[PDB]
Amino acid sequence: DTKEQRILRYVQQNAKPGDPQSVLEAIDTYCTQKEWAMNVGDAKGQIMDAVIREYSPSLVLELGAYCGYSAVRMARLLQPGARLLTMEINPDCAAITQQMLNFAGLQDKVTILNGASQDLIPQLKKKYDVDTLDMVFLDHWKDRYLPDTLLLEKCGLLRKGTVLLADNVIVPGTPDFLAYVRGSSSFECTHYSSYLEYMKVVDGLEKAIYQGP
Ligand SMILES: Nc1ncnc2c1ncn2[C@@H]1O[C@H](CSCC[C@H](N)C(=O)O)[C@@H](O)[C@H]1O
Ligand SMILES: Oc1cc(-c2ccc(F)cc2)cc2cncnc12
Ligand SMILES: [Cl-]
Ligand SMILES: [Cl-]
Ligand SMILES: [Mg+2]
């Protein structure tokens with residue numbers, strides 16, 4: 001078995017079904033005590049939670065699901081009827097994510113789209129009936145942050161006030177994205193310094209608010 005399979009099994013055996021908080025705790029504990037994994041983690045998770053509660057987004061897009069940690073984290077704070085779409089290129093992780101969401105009881109709030117973000121983003125309007133996004137969590141490969149942001153704008157998916165929240169802007173880092181949004185009059189940016197998940201290593205999130213053309 002894989003590390004991802006072991007994470008899911010641990011959750012199933014150490015958290016309570018339908019209790020998102022106990023799922024996060026179980027993942028955090030396994031990844032602290034047993035095997036590191038690239039979940040956004042509790043340190044940065046807490047800053048995400050603060051952002052989510054500030055904006056109360058009705059429709060969130062996540063880029064990069066992995067084992068579903070962040071999707072559980074965001075979905076648990078969504079208001080009734082509010083939705084998350086999460087894109088995941090690896091089918092094994094998409095399957096882990098779905099199972100994680102099911103265990104947590106958040107499956108009716110989340111749709112996991114198995115495919116590349118660059119292929120799926122142009123389908124959101126027609127195929128998934130999206131108008132505009134309220135928030136986007138960028139947490140997939142770091143070289144896609146900038147191209148996918150520009151694609152989101154091209155496809156008419158951003159509106160005035162759409163909140164981009166980007167993980168890992170320090171480690172591994174996303175230099176082209178960071179310099180772009182910070183230099184653009186189309187974004188209002190704020191940096192939230194934190195720590196790499198499960199490590200004493202500085203990391204941070206960037207919040208970039210779309211201001212229109
Ligand atoms: N272009 C792409 N489109 C969709 N998913 C991608 C991608 N490039 C990478 N990924 C996926 O992005 C993930 C990054 S890890 C995501 C962790 C998750 N947000 C959390 O905090 O819990 C991996 O599962 C990887 O397969
Ligand atoms: O949060 C993350 C962390 C790391 C990562 C890996 C190795 C390392 F040494 C440090 C950090 C990689 C990621 C890829 N996609 C999404 N999120 C990531
Ligand atoms: Cl990467
Ligand atoms: Cl952490
Ligand atoms: Mg990350």
# chains A, B, ... in the order shown; residues from 1 in each chain; ligands from 1

call {"tool": "closest_atom_pairs", "arguments": {"of": "chain A", "to": "ligand 4", "cutoff": "12 Å", "atoms": "only C-alpha atoms and all ligand atoms", "output": "CSV"}}
result
residue,atom,partner,partner_atom_place_in_ligand_line,distance
A:24,CA,ligand 4,1 (Cl),10.9
A:25,CA,ligand 4,1 (Cl),10.6
A:27,CA,ligand 4,1 (Cl),10.5
A:28,CA,ligand 4,1 (Cl),7.2
A:29,CA,ligand 4,1 (Cl),9.7
A:30,CA,ligand 4,1 (Cl),11.6
A:31,CA,ligand 4,1 (Cl),9.1
A:32,CA,ligand 4,1 (Cl),8.1
A:33,CA,ligand 4,1 (Cl),11.9
A:36,CA,ligand 4,1 (Cl),10.3
A:37,CA,ligand 4,1 (Cl),10.5
A:38,CA,ligand 4,1 (Cl),10.2
A:39,CA,ligand 4,1 (Cl),8.6
A:40,CA,ligand 4,1 (Cl),7.4
A:41,CA,ligand 4,1 (Cl),4.2
A:42,CA,ligand 4,1 (Cl),4.2
A:43,CA,ligand 4,1 (Cl),4.4
A:44,CA,ligand 4,1 (Cl),6.7
A:45,CA,ligand 4,1 (Cl),7.7
A:46,CA,ligand 4,1 (Cl),9.2
A:47,CA,ligand 4,1 (Cl),11.1
A:69,CA,ligand 4,1 (Cl),11.9
A:194,CA,ligand 4,1 (Cl),9.1
A:195,CA,ligand 4,1 (Cl),6.9
A:196,CA,ligand 4,1 (Cl),6.6
A:197,CA,ligand 4,1 (Cl),3.9
A:198,CA,ligand 4,1 (Cl),4.1
A:199,CA,ligand 4,1 (Cl),6.7
A:200,CA,ligand 4,1 (Cl),8.8
A:201,CA,ligand 4,1 (Cl),10.1
A:202,CA,ligand 4,1 (Cl),11.0
A:203,CA,ligand 4,1 (Cl),10.6
A:204,CA,ligand 4,1 (Cl),11.8

call {"tool": "residues_around", "arguments": {"residues": "region 180-190 of chain A", "least_positions_apart": "4", "cutoff": "12 Å", "atoms": "only C-alpha atoms", "output": "PyMOL selection string"}}
result
chain A and resi 51+145-147+149-150+153+158-166+169+174-176+204-213

call {"tool": "write_last_selection", "arguments": {"atoms": "N, CA, C and O atoms", "output": "CSV table (one decimal), in the first residue's frame"}}
result
chain,number,residue,atom,x,y,z
A,51,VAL,N,-9.8,32.9,6.8
A,51,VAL,CA,-10.2,33.5,5.5
A,51,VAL,C,-11.6,33.0,5.1
A,51,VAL,O,-12.4,33.8,4.7
A,145,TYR,N,0.5,27.8,-11.0
A,145,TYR,CA,-0.3,28.9,-10.3
A,145,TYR,C,-0.6,30.0,-11.3
A,145,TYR,O,-1.7,30.5,-11.4
A,146,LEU,N,0.5,30.5,-11.9
A,146,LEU,CA,0.4,31.7,-12.8
A,146,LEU,C,-0.4,31.3,-14.1
A,146,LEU,O,-1.4,31.9,-14.4
A,147,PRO,N,0.0,30.2,-14.8
A,147,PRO,CA,-0.8,29.9,-16.0
A,147,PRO,C,-2.3,29.7,-15.7
A,147,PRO,O,-3.2,30.2,-16.4
A,149,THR,N,-4.1,31.0,-13.1
A,149,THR,CA,-4.8,32.2,-12.8
A,149,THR,C,-5.2,33.0,-14.1
A,149,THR,O,-6.2,33.5,-14.1
A,150,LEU,N,-4.2,33.1,-15.0
A,150,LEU,CA,-4.5,33.8,-16.3
A,150,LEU,C,-5.5,33.1,-17.1
A,150,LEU,O,-6.3,33.7,-17.7
A,153,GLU,N,-8.9,34.0,-15.5
A,153,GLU,CA,-9.4,35.3,-16.0
A,153,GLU,C,-9.9,35.2,-17.4
A,153,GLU,O,-10.9,35.7,-17.8
A,158,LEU,N,-13.4,34.9,-12.9
A,158,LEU,CA,-13.2,35.7,-11.8
A,158,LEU,C,-14.1,36.9,-11.9
A,158,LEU,O,-14.6,37.4,-13.0
A,159,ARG,N,-14.5,37.4,-10.7
A,159,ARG,CA,-15.3,38.6,-10.6
A,159,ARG,C,-14.6,39.5,-9.6
A,159,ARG,O,-13.6,39.1,-8.9
A,160,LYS,N,-15.1,40.8,-9.6
A,160,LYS,CA,-14.6,41.7,-8.5
A,160,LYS,C,-14.8,41.2,-7.1
A,160,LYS,O,-15.9,40.8,-6.7
A,161,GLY,N,-13.7,41.0,-6.4
A,161,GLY,CA,-13.8,40.4,-5.1
A,161,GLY,C,-13.4,38.9,-5.0
A,161,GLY,O,-13.4,38.3,-3.9
A,162,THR,N,-13.2,38.2,-6.2
A,162,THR,CA,-12.9,36.8,-6.0
A,162,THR,C,-11.5,36.7,-5.3
A,162,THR,O,-10.5,37.4,-5.6
A,163,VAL,N,-11.5,35.8,-4.3
A,163,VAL,CA,-10.4,35.6,-3.4
A,163,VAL,C,-9.5,34.4,-3.9
A,163,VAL,O,-10.0,33.3,-4.0
A,164,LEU,N,-8.3,34.7,-4.3
A,164,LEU,CA,-7.3,33.6,-4.6
A,164,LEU,C,-6.5,33.5,-3.3
A,164,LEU,O,-6.0,34.5,-2.8
A,165,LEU,N,-6.4,32.2,-2.9
A,165,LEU,CA,-5.6,31.9,-1.7
A,165,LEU,C,-4.6,30.8,-2.2
A,165,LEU,O,-5.0,29.8,-2.6
A,166,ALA,N,-3.3,31.1,-2.1
A,166,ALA,CA,-2.2,30.3,-2.6
A,166,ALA,C,-1.4,29.7,-1.6
A,166,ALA,O,-0.8,30.4,-0.8
A,169,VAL,N,3.8,29.6,-1.0
A,169,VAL,CA,4.4,30.7,-1.7
A,169,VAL,C,5.8,30.9,-1.3
A,169,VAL,O,6.6,31.6,-2.1
A,174,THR,N,6.5,29.9,-5.4
A,174,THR,CA,5.9,30.1,-6.7
A,174,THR,C,6.3,31.5,-7.2
A,174,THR,O,5.4,32.4,-7.3
A,175,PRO,N,7.5,31.7,-7.6
A,175,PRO,CA,8.1,33.0,-7.8
A,175,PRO,C,7.3,33.8,-8.9
A,175,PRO,O,7.1,35.0,-8.8
A,176,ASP,N,6.9,33.1,-10.0
A,176,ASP,CA,6.4,33.9,-11.1
A,176,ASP,C,4.9,34.4,-10.7
A,176,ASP,O,4.6,35.5,-10.9
A,204,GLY,N,4.3,30.3,3.7
A,204,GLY,CA,3.2,31.2,3.9
A,204,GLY,C,2.2,31.0,2.8
A,204,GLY,O,2.4,30.3,1.8
A,205,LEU,N,1.0,31.7,3.1
A,205,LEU,CA,0.0,31.8,2.1
A,205,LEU,C,-0.1,33.2,1.5
A,205,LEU,O,0.2,34.2,2.3
A,206,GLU,N,-0.4,33.3,0.3
A,206,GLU,CA,-0.7,34.7,-0.3
A,206,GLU,C,-2.2,34.7,-0.6
A,206,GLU,O,-2.8,33.8,-1.2
A,207,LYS,N,-2.8,35.8,-0.2
A,207,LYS,CA,-4.2,36.1,-0.6
A,207,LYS,C,-4.2,37.2,-1.6
A,207,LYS,O,-3.6,38.2,-1.4
A,208,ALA,N,-4.8,36.9,-2.8
A,208,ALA,CA,-4.8,37.9,-3.9
A,208,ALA,C,-6.2,38.1,-4.3
A,208,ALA,O,-6.8,37.1,-4.8
A,209,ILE,N,-6.7,39.3,-4.1
A,209,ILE,CA,-8.1,39.6,-4.4
A,209,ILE,C,-8.3,40.2,-5.8
A,209,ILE,O,-7.7,41.2,-6.0
A,210,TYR,N,-9.1,39.5,-6.6
A,210,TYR,CA,-9.2,40.1,-8.0
A,210,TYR,C,-10.0,41.4,-8.0
A,210,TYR,O,-11.1,41.4,-7.4
A,211,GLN,N,-9.5,42.4,-8.7
A,211,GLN,CA,-10.2,43.7,-8.7
A,211,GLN,C,-10.8,44.0,-10.0
A,211,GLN,O,-11.1,45.1,-10.3
A,212,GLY,N,-10.9,43.0,-10.9
A,212,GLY,CA,-11.5,43.3,-12.3
A,212,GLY,C,-10.3,43.8,-13.2
A,212,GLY,O,-9.2,43.9,-12.7
A,213,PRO,N,-10.7,44.0,-14.5
A,213,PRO,CA,-9.6,44.4,-15.5
A,213,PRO,C,-8.7,45.6,-15.2
A,213,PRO,O,-9.2,46.7,-14.7

call {"tool": "closest_atom_pairs", "arguments": {"of": "chain A", "to": "ligand 3", "cutoff": "10 Å", "atoms": "only C-alpha atoms and all ligand atoms", "output": "tab-separated table"}}
result
residue	atom	partner	partner_atom_place_in_ligand_line	distance
A:139	CA	ligand 3	1 (Cl)	8.9
A:140	CA	ligand 3	1 (Cl)	7.0
A:141	CA	ligand 3	1 (Cl)	4.1
A:142	CA	ligand 3	1 (Cl)	4.6
A:143	CA	ligand 3	1 (Cl)	6.9
A:144	CA	ligand 3	1 (Cl)	8.8
A:168	CA	ligand 3	1 (Cl)	8.9
A:171	CA	ligand 3	1 (Cl)	9.1
A:172	CA	ligand 3	1 (Cl)	6.4
A:173	CA	ligand 3	1 (Cl)	8.2
A:174	CA	ligand 3	1 (Cl)	8.6

call {"tool": "write_last_selection", "arguments": {"atoms": "C-alpha atoms", "output": "mmCIF file, in the first residue's frame"}}
result
data_model
loop_
_atom_site.group_PDB
_atom_site.id
_atom_site.type_symbol
_atom_site.label_atom_id
_atom_site.label_comp_id
_atom_site.auth_asym_id
_atom_site.auth_seq_id
_atom_site.Cartn_x
_atom_site.Cartn_y
_atom_site.Cartn_z
ATOM 1 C CA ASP A 139 -2.339 24.194 -4.103
ATOM 2 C CA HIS A 140 -1.301 22.031 -7.078
ATOM 3 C CA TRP A 141 2.042 22.069 -8.830
ATOM 4 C CA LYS A 142 3.744 25.436 -8.289
ATOM 5 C CA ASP A 143 4.434 26.033 -12.007
ATOM 6 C CA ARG A 144 0.715 26.020 -12.675
ATOM 7 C CA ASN A 168 3.328 27.247 -0.513
ATOM 8 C CA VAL A 171 8.306 26.568 0.109
ATOM 9 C CA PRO A 172 8.451 25.184 -2.540
ATOM 10 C CA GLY A 173 7.672 28.726 -3.638
ATOM 11 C CA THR A 174 5.879 30.063 -6.700
#

call {"tool": "residues_around", "arguments": {"residues": "residue 125 (chain A)", "least_positions_apart": "3", "cutoff": "12 Å", "atoms": "only C-alpha atoms", "output": "PyMOL selection string"}}
result
chain A and resi 120-122+128-133+152+155-158

call {"tool": "closest_residue", "arguments": {"among": "A:170, A:112, A:11, A:127", "to": "residue 193 (chain A)", "atoms": "only C-alpha atoms"}}
result
A:170

call {"tool": "residues_near_ligand", "arguments": {"ligand": "ligand 1", "cutoff": "8 Å", "atoms": "only C-alpha atoms and all ligand atoms", "output": "PyMOL selection string"}}
result
chain A and resi 38-41+62-71+87-90+93-94+114-118+137-141+144

call {"tool": "atom_distance", "arguments": {"atom1": "atom 12 (C, counted along the ligand's line) of ligand 2", "atom2": "CA of residue 7 (chain A)"}}
result
16.8 Å

call {"tool": "atom_distance", "arguments": {"atom1": "CA of residue 56 (chain A)", "atom2": "CA of residue 78 (chain A)"}}
result
6.7 Å

call {"tool": "closest_residue", "arguments": {"among": "A:178, A:167, A:14, A:77", "to": "ligand 5", "atoms": "only C-alpha atoms and all ligand atoms"}}
result
A:167

call {"tool": "select_by_dssp", "arguments": {"residues": "region 19-63 of chain A", "states": "helix (DSSP H, G or I)", "output": "JSON, numbers by chain"}}
result
{"A": [20, 21, 22, 23, 24, 25, 26, 27, 28, 29, 30, 31, 32, 33, 41, 42, 43, 44, 45, 46, 47, 48, 49, 50, 51, 52, 53, 54, 55]}

call {"tool": "select_by_dssp", "arguments": {"residues": "region 115-201 of chain A", "states": "strand (DSSP E)", "output": "MDAnalysis selection string"}}
result
chainID A and resid 135:138 163:166 187:195

call {"tool": "residues_around", "arguments": {"residues": "region 21-23 of chain A", "least_positions_apart": "5", "cutoff": "10 Å", "atoms": "only C-alpha atoms", "output": "list in words"}}
result
residues 8, 10, 11, 12, 14, 15, 16, 28, 29, 69, 72, 73, 76, 100, 101, 103 and 104 of chain A

call {"tool": "write_last_selection", "arguments": {"atoms": "N, CA, C and O atoms", "output": "mmCIF file, in the first residue's frame"}}
result
data_model
loop_
_atom_site.group_PDB
_atom_site.id
_atom_site.type_symbol
_atom_site.label_atom_id
_atom_site.label_comp_id
_atom_site.auth_asym_id
_atom_site.auth_seq_id
_atom_site.Cartn_x
_atom_site.Cartn_y
_atom_site.Cartn_z
ATOM 1 N N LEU A 8 -5.706 7.280 4.677
ATOM 2 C CA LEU A 8 -7.150 7.054 4.645
ATOM 3 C C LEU A 8 -7.553 5.986 5.668
ATOM 4 O O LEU A 8 -8.430 6.259 6.445
ATOM 5 N N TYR A 10 -5.967 5.153 8.352
ATOM 6 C CA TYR A 10 -5.838 5.721 9.700
ATOM 7 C C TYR A 10 -7.058 6.548 10.087
ATOM 8 O O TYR A 10 -7.594 6.439 11.196
ATOM 9 N N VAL A 11 -7.504 7.421 9.181
ATOM 10 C CA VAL A 11 -8.670 8.236 9.424
ATOM 11 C C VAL A 11 -9.868 7.323 9.777
ATOM 12 O O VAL A 11 -10.569 7.558 10.737
ATOM 13 N N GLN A 12 -10.095 6.285 8.951
ATOM 14 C CA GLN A 12 -11.253 5.398 9.088
ATOM 15 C C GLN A 12 -11.278 4.744 10.462
ATOM 16 O O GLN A 12 -12.343 4.430 11.026
ATOM 17 N N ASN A 14 -9.477 5.938 13.285
ATOM 18 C CA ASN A 14 -9.169 6.846 14.367
ATOM 19 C C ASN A 14 -9.962 8.126 14.412
ATOM 20 O O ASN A 14 -9.778 8.924 15.292
ATOM 21 N N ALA A 15 -10.855 8.330 13.480
ATOM 22 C CA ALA A 15 -11.749 9.437 13.534
ATOM 23 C C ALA A 15 -13.174 8.918 13.627
ATOM 24 O O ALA A 15 -13.459 7.715 13.439
ATOM 25 N N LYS A 16 -14.063 9.870 13.879
ATOM 26 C CA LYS A 16 -15.487 9.564 13.947
ATOM 27 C C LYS A 16 -16.198 9.873 12.626
ATOM 28 O O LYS A 16 -16.112 11.007 12.160
ATOM 29 N N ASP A 28 -3.661 14.957 10.796
ATOM 30 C CA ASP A 28 -2.560 15.763 11.374
ATOM 31 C C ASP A 28 -1.678 14.914 12.310
ATOM 32 O O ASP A 28 -0.445 15.017 12.288
ATOM 33 N N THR A 29 -2.321 14.084 13.120
ATOM 34 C CA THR A 29 -1.625 13.210 14.033
ATOM 35 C C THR A 29 -0.802 12.162 13.258
ATOM 36 O O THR A 29 0.363 11.948 13.526
ATOM 37 N N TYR A 69 -7.545 16.554 2.582
ATOM 38 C CA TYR A 69 -7.392 17.315 3.817
ATOM 39 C C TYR A 69 -7.963 18.752 3.698
ATOM 40 O O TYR A 69 -8.815 19.201 4.489
ATOM 41 N N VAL A 72 -11.753 18.853 3.091
ATOM 42 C CA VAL A 72 -12.512 18.679 4.340
ATOM 43 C C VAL A 72 -12.436 19.983 5.158
ATOM 44 O O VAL A 72 -13.428 20.478 5.700
ATOM 45 N N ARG A 73 -11.229 20.548 5.205
ATOM 46 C CA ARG A 73 -11.019 21.755 5.974
ATOM 47 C C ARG A 73 -11.932 22.911 5.548
ATOM 48 O O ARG A 73 -12.601 23.563 6.365
ATOM 49 N N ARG A 76 -16.057 21.995 5.595
ATOM 50 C CA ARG A 76 -16.699 21.919 6.932
ATOM 51 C C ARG A 76 -17.163 23.278 7.375
ATOM 52 O O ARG A 76 -18.009 23.384 8.239
ATOM 53 N N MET A 100 -12.313 10.050 1.623
ATOM 54 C CA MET A 100 -12.116 10.919 2.749
ATOM 55 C C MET A 100 -13.355 11.832 2.982
ATOM 56 O O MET A 100 -13.847 11.999 4.084
ATOM 57 N N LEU A 101 -13.828 12.421 1.911
ATOM 58 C CA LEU A 101 -15.004 13.272 1.987
ATOM 59 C C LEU A 101 -16.235 12.494 2.417
ATOM 60 O O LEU A 101 -17.043 12.965 3.193
ATOM 61 N N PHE A 103 -16.210 9.724 4.275
ATOM 62 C CA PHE A 103 -16.086 9.395 5.672
ATOM 63 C C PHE A 103 -16.474 10.605 6.542
ATOM 64 O O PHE A 103 -17.145 10.495 7.566
ATOM 65 N N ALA A 104 -16.034 11.789 6.125
ATOM 66 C CA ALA A 104 -16.325 13.001 6.849
ATOM 67 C C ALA A 104 -17.741 13.489 6.783
ATOM 68 O O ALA A 104 -18.064 14.451 7.527
#

call {"tool": "atom_distance", "arguments": {"atom1": "CA of residue 79 (chain A)", "atom2": "CA of residue 13 (chain A)"}}
result
28.0 Å
